[PDB]
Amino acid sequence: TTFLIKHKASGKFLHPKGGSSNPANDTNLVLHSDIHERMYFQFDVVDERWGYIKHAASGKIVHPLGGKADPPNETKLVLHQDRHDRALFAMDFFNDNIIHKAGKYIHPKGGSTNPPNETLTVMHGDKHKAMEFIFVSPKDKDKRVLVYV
């Protein structure tokens, strides 16, 4: 059920800022190269492709900060306990991205294919190699795993 969200170009992973097992609400999601249980994710299916990206350790899920239905470019991604249909994402493992219900994608802030550790993540409509993500085994960061099962 658990997987790592790996920035495709850099090999860094999605983390709660601070890497806590229980991040506070509205904790920013960053990219970091470390692997540990506090950066594992799960995907709770809600409606076919749509569901919640769940931080495994805490159970909080990925939100655009503020929870708007149509967040603008550069809206920061955070973890928050609330469940609602503005926190709906799809894990596009064919095109290798993470898309929000309103159509923008998870990006590293600043759009780099080699973002340093602690780089924030934001929503943005653009499509390029720096917004690509693959979903891999916690025991083997190079083995893709099916997030939907």
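Note that residue numbering follows the sequence shown and begins at 1.
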item	value
Between 113 to 121 and 91 to 99 (mean CA B-factor, as deposited), the higher	113 to 121
Of 125 to 133 and 19 to 27, the stretch whose C-alpha atoms average the higher B-factor in the entry	19 to 27
Residue, from 61, 45, 106, 65, that the PDB entry assigns the highest Cα B-factor	45
Chain-relative CA temperature factor third for residue 53	lowest
Residue 149 - which third its CA temperature factor falls in, relative to the rest of the chain	highest
